[PDB]
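Here is what each chain is made of, one letter per residue.
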Amino acid sequence: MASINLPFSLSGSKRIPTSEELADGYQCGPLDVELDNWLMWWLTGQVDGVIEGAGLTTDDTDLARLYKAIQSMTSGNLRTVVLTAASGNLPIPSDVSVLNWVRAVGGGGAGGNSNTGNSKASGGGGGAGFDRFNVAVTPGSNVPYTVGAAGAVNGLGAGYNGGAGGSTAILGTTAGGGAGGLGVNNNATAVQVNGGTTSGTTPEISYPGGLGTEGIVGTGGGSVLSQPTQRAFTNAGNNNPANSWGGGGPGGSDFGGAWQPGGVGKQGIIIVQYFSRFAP
Amino acid sequence: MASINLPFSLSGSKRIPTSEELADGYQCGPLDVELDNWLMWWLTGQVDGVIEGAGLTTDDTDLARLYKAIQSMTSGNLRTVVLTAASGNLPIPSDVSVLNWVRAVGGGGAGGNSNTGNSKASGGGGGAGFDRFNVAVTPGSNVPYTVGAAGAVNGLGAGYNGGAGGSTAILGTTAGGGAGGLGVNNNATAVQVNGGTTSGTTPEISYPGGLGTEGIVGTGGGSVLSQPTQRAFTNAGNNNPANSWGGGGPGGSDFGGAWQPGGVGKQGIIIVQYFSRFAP
Amino acid sequence: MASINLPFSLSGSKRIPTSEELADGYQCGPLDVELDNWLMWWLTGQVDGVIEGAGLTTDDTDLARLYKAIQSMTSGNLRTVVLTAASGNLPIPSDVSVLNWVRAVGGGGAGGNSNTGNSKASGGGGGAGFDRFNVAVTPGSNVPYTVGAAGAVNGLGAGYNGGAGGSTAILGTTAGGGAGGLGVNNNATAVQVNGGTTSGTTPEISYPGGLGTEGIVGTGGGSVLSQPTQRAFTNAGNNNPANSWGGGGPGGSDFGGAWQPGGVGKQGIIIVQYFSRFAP
């Protein structure tokens with residue numbers, strides 16, 4: 001039989017080793033069951049606690065138990081979580097006390113709208129990202145996370161600035177989403193659109209999102225996961241979106257009497273990691 | 001007196017303890033070494049199993065063994081293996097049961113070719129990439145790994161498409177490589193080609209490769225580790241290559257009769273991390 | 001009475017059991033104090049060392065100590081130290097022998113200066129980076145870390161080479177810094193400037209810094225942390241800097257007879273993680 005459930009004494013009139021029991025091991029008097037009972041129960045109960053603390057069973061014959069289940073504790077049980085819903089409640093398992101390598105990225109911003117003239121429109125900036133380590137969390141439920149929504153594009157026509165991306169926040173740290181691009185009419189160069197920032201509790205490392213350009217190059221800023229995206233000279237509004245999460249669309253271009261609606265900025269995501277024995 | 005080799009019983013007439021001896025302590029009657037032999041053999045076997053799990057010699061007087069080799073089990077014994085050969089196998093040591101943070105990058109293609117005209121060529125695409133955390137791996141010999149090839153250059157002459165990029169695959173997940181840039185004649189600008197693509201089993205986090213340009217800006221799309229690289233305005237064919245793994249070619253410009261084949265993208269790599277007491 | 005001064009014997013006439021005593025269990029002879037002292041002392045002292053080396057206090061009846069305080073050794077006590085001082089020493093705690101994922105990035109270089117003319121100045125290179133995992137050090141003091149100084153803009157006048165940023169180096173590995181931009185006069189544009197490179201003890205992974213353009217594109221230097229930054233087309237010389245550490249100035253700009261000095265090169269930083277009960 002594998003399972004043993006082995007705290008030995010289990011409330012058997014136990015007794016801590018007194019000062020004389022610590023200056024030297026035992027005494028010339030009789031060896032009482034009371035003290036040896038604790039001297040066995042404490043050791044075996046902590047052994048059992050380590051074994052079963054990683055969702056394992058204490059086998060009497062294995063004698064290894066995944067190297068005291070430490071391999072399951074350290075190497076295994078690493079259950080990463082990626083968050084994509086607009087807003088929800090992140091569950092905390094019972095035994096989890098620390099979240100490690102929490103990464104967040106603000107949503108990027110869509111680019112500007114360009115008409116059939118001569119000058120080009122601007123691309124939206126990229127959202128910001130940060131990493132925090134050794135994040136203390138309480139058992140139960142985590143603070144409801146919020147993510148940065150994808151950069152909305154106003155397809156009502158050319159010359160209308162793109163919508164800015166949403167700002168994500170979790171564990172008391174807010175990642176400002178990238179600002180949307182600026183749409184201008186002919187013979188007009190838009191302004192260099194600033195990207196997102198990090199606000200709130202200072203992260204260990206912060207990545208300010210790439211900021212959008214005027215429109216001569218028209219590249220959308222990236223993020224931790226996203227890279228700059230370049231414009232595409234097309235006459236059918238192919239409007240290739242941001243490459244990855246947090247990036248900003250390249251925006252509209254201007255060539256051959258065609259109007260580009262503008263690039264699309266991808267939303268932001270939340271990454272949290274923790275070692276638990278339960279269902280992630 | 002460092003090495004002790006201390007499992008106590010080692011076939012010394014062991015026995016499973018009774019249910020009552022787990023409910024209550026030792027019976028007050030005559031002692032039974034048949035029981036205490038197993039009771040102490042189990043504990044010492046667990047402890048020296050922890051000691052050997054990190055490849056440390058069990059000691060009697062040290063009483064720490066670097067926190068029972070746990071300090072060398074979590075912080076130490078961290079092995080990083082960089083796979084670069086296009087064909088090979090990953091030797092998984094015996095004491096490895098789960099592989100975590102399997103960083104993989106695909107190789108990016110090279111840029112196109114432009115003749116002695118006015119219009120430039122498309123920059124090479126970038127290879128995709130992904131990260132998988134806590135991958136289940138059985139001890140022994142792993143399924144052979146495949147890393148992508150570098151960005152081939154069709155150095156035959158101008159006006160020809162660049163070489164395609166090589167894809168990488170490992171553990172049932174494939175990170176496709178970025179297609180090479182298109183070759184162009186004079187008085188015509190290239191059309192951008194998409195970058196790397198994620199395929200196979202769904203990774204926990206994927207980094208799509210930065211795609212190329214039509215040619216006017218002519219940046220070489222980056223990757224997980226590589227950032228975009230612009231072209232070079234030199235008539236000597238300097239055409240500097242991508243910065244790092246997964247990058248693409250900046251492409252060949254077209255000014256003053258320049259025969260620029262463009263840059264050459266390097267190949268992707270696979271980075272894994274596991275915990276072992278053997279050599280990396 | 002939480003803490004106990006827990007290791008049981010403490011000079012209580014300990015004698016190691018013989019090899020014959022290790023081959024079998026308890027012998028038919030009478031109970032000897034010198035065996036039952038050591039054979040409990042080693043187990044209980046190993047457990048006490050594990051508990052007290054994790055920064056947790058021994059308890060009598062807790063029976064868990066937060067699962068042997070291993071969570072304080074796997075996830076807890078995960079200490080992150082980022083260095084942003086210009087120069088100085090990096091202290092190593094008394095129990096720290098290995099640092100996890102030592103991350104460094106080279107300093108960035110600002111771009112060149114542009115006068116009032118059709119041509120634009122060239123940008124500055126970006127610092128290089130490298131990650132070293134499972135680096136071995138000694139408890140005590142470490143080599144004085146040398147971060148790269150931020151690349152200051154060269155405001156000496158029109159067409160002057162930009163200021164270069166320092167290179168970073170720590171623990172036998174030196175990452176090249178981002179060279180400054182090249183300053184040229186109107187009706188003329190310089191050539192690309194190379195970025196930093198990884199030198200010293202070749203790490204597991206190296207991030208070569210993003211190099212600037214000839215000047216037509218004028219993108220900022222890139223790095224693993226800092227994204228390339230574009231130039232500002234403004235009449236007041238807004239000189240947008242690099243977003244994060246290691247980036248480079250996008251170089252001097254000009255349109256319609258403007259004088260823009262160009263962006264400023266950001267500095268390099270050092271990131272390390274180690275495990276220790278001592279707060280950083």
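Residues numbered from 1 in each chain as written, not as in the entry; some residues may be left out. Chains lettered and ligands numbered in written order. Heavy atoms only, no water.

Its PDB record attributes the structure to cryo-EM, giving the resolution as 3.96 Å.

Under the PDB entry, the name given to chain A is Pam3 fiber proreins, and the source organism is uncultured cyanophage. The record deposited in the PDB is entitled "Cyanophage Pam3 fiber".

**So, the relation of the copies chain C and chain B**
Overlaying chain C with chain B gives an RMSD of 0.7 Å, the required rotation being 119° about an axis along which the chain moves by 0.1 Å. In symmetry terms, the pair is related by a three-fold rotation axis. Ranked by how close their C-alpha atoms come to the rotation axis, the residues of chain C are headed by C:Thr74, at 3.4 Å. Interface residue correspondence from chain C to chain B reaches only 15%, placing this contact among heterologous pairings that use different surfaces. (Least-squares fit on C-alpha atoms. Contact = heavy atoms within 4.5 Å.)

**A look at the interface of chain C and chain B**
Each partner contributes residues to the interface: chain C has 48 residues there, and chain B has 52 residues. A combined buried area of about 4100 Å² lies between chain C and chain B, and 67% of that area is made up of carbon and sulfur atoms. For the chain C face of the interface with chain B, the top three residues by lost area are C:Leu22, C:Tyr26 and C:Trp42, together amounting to 15%. Remark: the boundary between chain C and chain B carries eight residue pairs in polar contact. Elements that contribute at least two residues to the side of chain C that touches chain B include exactly helix 1 (19-23), helix 2 (33-53), helix 4 (71-74), strand 3 (98-105) and strand 10 (205-207) of chain C. Considering each element in turn, the side of chain C that touches chain B owes the most residues, eleven residues, to helix 2 of chain C. Residue composition of the side of chain C that touches chain B, by class: 25 nonpolar, 16 polar and seven charged. (Buried area = accessible area lost by both parts, 1.4 Å probe. Polar contact = N/O pair within 3.5 Å; in protein donor to acceptor, adjacent residues only side chain to side chain. Helix = DSSP H or I, 4+ residues; strand = E, 2+ residues; numbered from the N terminus. Nonpolar A, V, L, I, M, F, W, Y, C, P; charged D, E, K, R; others polar.)

**Comments concerning the domain arrangement of chain A**
Put simply, an interface is often sized by how much accessible area is lost when its parts join up. Domains assigned within chain A are domain 1 (20-74) and domain 2 (79-280). One C-alpha centre belongs to domain 1 of chain A, the other to domain 2 of chain A, and the line joining them spans 52 Å. (Domains from an automatic or database assignment.)

**A word on the sheet that holds strand 7 (residues 168-170) of chain B**
All names here are of chain B. Read across the sheet, three strands follow the order 7-8-9 without closing on themselves; strand pairing throughout is antiparallel. At either margin of the open sheet sits one strand with a lone partner, and together these are strand 7 and strand 9 (198-200). Between one strand and the next, the sheet's axes are offset by a mean angle of 20°, whatever the strand orientation. In this sheet, strand 9 lies alongside strand 8 (residues 173-175) in antiparallel orientation, the contact comprising three bridges. (Pairing = 2+ DSSP bridges. Axes fitted to C-alpha atoms, helices over the stretch in contact; angles between N-to-C directions.)

**Some thoughts on the layout of surface pockets**
Roughly 490 Å³ of internal volume is contained in the largest pocket. In terms of lining residues, the largest pocket is bounded by 23 residues, among which A:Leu31, A:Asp36, B:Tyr26, B:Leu31 and B:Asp36 are the most central. Of the residues in the lining of the largest pocket, the class split is 13 nonpolar, three polar and seven charged. (1 Å grid on protein atoms, 1.4 Å probe; cavity = no way out; pocket = protein on both sides within 12 Å on 5 of 7 lines; lining within 4 Å. Points joined across faces, edges and corners; volume = space filled by probe spheres on them.)

**Considerations on the packing of helix 2 (residues 33-52) of chain A against helix 2 of chain C**
At a minimum axis distance of 11 Å, the contact between helix 2 of chain A and helix 2 of chain C shows a crossing angle of 45°. Compared by their axis directions, helix 2 of chain A and helix 2 of chain C come out oblique. The handedness of the crossing between helix 2 of chain A and helix 2 of chain C comes out as left-handed. Of the residues in helix 2 of chain C, those touching helix 2 of chain A at A:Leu39, A:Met40, A:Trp42, A:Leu43 and A:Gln46 are C:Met40, C:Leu43, C:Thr44 and C:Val47. (Parallel < 35°, antiparallel > 145°, perpendicular 65-115°, else oblique. Left-handed = near helix turned anticlockwise from the far one by under 90°.)

**Quick word on the pattern of salt bridges**
Applying the stated criterion to the full structure yields eleven salt bridges over all chains. A salt bridge links A:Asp131 to A:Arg103, with the shortest nitrogen-to-oxygen separation between them at 2.7 Å. Here A:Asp131 is found in strand 5 (residues 129-132), whereas its partner A:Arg103 is found in strand 4 (residues 98-105), with 28 residues between them in sequence. Across the pair, exposure class does not vary: A:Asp131 and A:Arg103 are buried alike. Between B:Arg277 and B:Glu52 there is a salt bridge, and its shortest N-O distance comes to 3.9 Å. Of this pair, B:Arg277 sits in the segment after strand 11 (270-275) while B:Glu52 is found in helix 2 (residues 33-53), placing the two residues 225 residues apart along the sequence. Since its relative accessible area comes to 30%, B:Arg277 is described here as partly exposed. By relative accessible area, which is 30% here, B:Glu52 ends up partly exposed. (Salt bridge = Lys/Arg side-chain N within 4 Å of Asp/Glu carboxyl O. Buried < 20%, exposed > 50% of the residue type's maximum accessible area, 1.4 Å probe, protein only.)

**Some points on the interface of chain B and chain A**
The interface of chain B with chain A comprises 48 residues on the first partner and 47 residues on the second. With both chains or domains summed, chain B and chain A bury close to 4000 Å², and 66% of this area falls on carbon and sulfur atoms. A per-residue breakdown of the area chain B buries against chain A is headed by B:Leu22, B:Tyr26 and B:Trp42, which together make up 16% of the total. One can count seven residue pairs in polar contact joining chain B with chain A. Of all elements in the fold, only helix 1 (19-23), helix 2, helix 4 (71-74), strand 3 (98-105) and strand 10 (205-207) of chain B reach the threshold of two or more residues within the side of chain B that touches chain A. No other element matches helix 2 of chain B, which puts twelve residues into the side of chain B that touches chain A. Tallied by class, the residues present in the side of chain B that touches chain A amount to 24 nonpolar, 16 polar and eight charged.

**Considerations on helix 2 of chain C**
Residues and elements named next belong to chain C. Here helix 2 spans 29 Å end to end across 21 residues, near enough to the 30 Å set by a 1.5 Å rise per residue. Counted residue by residue, helix 2 has 18 buried out of 21 residues, so it is predominantly covered. Within two residues after helix 2, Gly55 carries a phi angle of roughly 75°, on the positive side. (Expected span 1.5 Å × (residues − 1).)

**Remarks on empty space enclosed by the protein**
Residue and element names in this part refer to chain A. All told, the structure shown has eleven cavities of 30 Å³ or more when counted by the stated rule. The space that makes up the second largest cavity amounts to roughly 90 Å³. With four residues, helix 2 is the single largest residue contributor to the lining of the second largest cavity. Looking at the lining of the second largest cavity residue by residue, the class counts come to nine nonpolar, one polar and no charged.

**Some details on the side chain of A:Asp131**
Residues and elements named next belong to chain A. Residue classification places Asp131 among the buried residues on the basis of a relative accessible area of 2%. At a separation of 2.7 Å, a polar atom in the side chain of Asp131 contacts the side chain of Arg103. In this view, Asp131 contacts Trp101, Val102, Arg103, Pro203, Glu204, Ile205 and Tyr207; residues no more than four positions away in its chain are not counted.

**Side note on helix 2 of chain A**
For helix 2 of chain A, spanning 20 residues, the distance from its first C-alpha to its last is 27 Å, which sits close to the expected 28 Å at 1.5 Å a residue. The buried count for helix 2 of chain A comes to 17 of 20 residues, which makes it a mostly enclosed element.

**Some points on the nonpolar core**
With 57 residues, the main nonpolar core has A:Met40, C:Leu39 and C:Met40 as its most contacted residues. Of all the elements in the fold, those that place two or more residues in this core are helix 2 and helix 4 (70-74) of chain A, helix 2 of chain B together with helix 2 of chain C. Residues within four places of C:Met40 in sequence aside, it is in contact with A:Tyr26, A:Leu39, A:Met40, A:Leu43, B:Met40 and C:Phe8. Within the second largest apolar cluster, 29 residues are counted, among which are A:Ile205, B:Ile271, B:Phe275 and C:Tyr207. (Core = buried A, V, L, I, M, F, W, Y, C linked by side-chain atoms within 4.5 Å.)

**So, the sheet that holds strand 9 (residues 198-200) of chain C**
All names here are of chain C. Taken together, the three strands give an open sheet; going across it, the order is 7-8-9, and neighbouring strands pair in antiparallel fashion. The open sheet has two edge strands, strand 7 (168-170) and strand 9, and neither has a second partner. Adjacent strand axes in the sheet meet at a mean angle of 20° when their direction is disregarded. Both strand 7 and strand 8 (residues 173-175) contribute to a ladder of three bridges, which runs antiparallel.

**Section: the relation of the copies chain B and chain A**
Once chain B has been moved 0.1 Å along the axis and rotated by 121°, it coincides with chain A to within an RMSD of 0.7 Å. Mapped onto chain A, only 15% of the interface residues of chain B again fall at the interface, so the copies present different surfaces.

**As for the pairing of strand 11 (residues 270-275) of chain C**
All names here are of chain C. Counting buried positions along strand 11 gives six out of six residues, so the element sits mostly inside the fold. Residue alternation in strand 11 divides its side chains into two sets, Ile270, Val272 and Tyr274 and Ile271, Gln273 and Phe275, and both sets are buried. Here strand 1 (residues 78-83) pairs with strand 11 via six bridges, running antiparallel. Paired with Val81 across the strands is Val272, a residue of strand 11. Pairing analysis gives four bridges linking strand 3 to strand 11, with the strands arranged antiparallel. Note on strand 11: the bridge partner recorded for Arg103 is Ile271.

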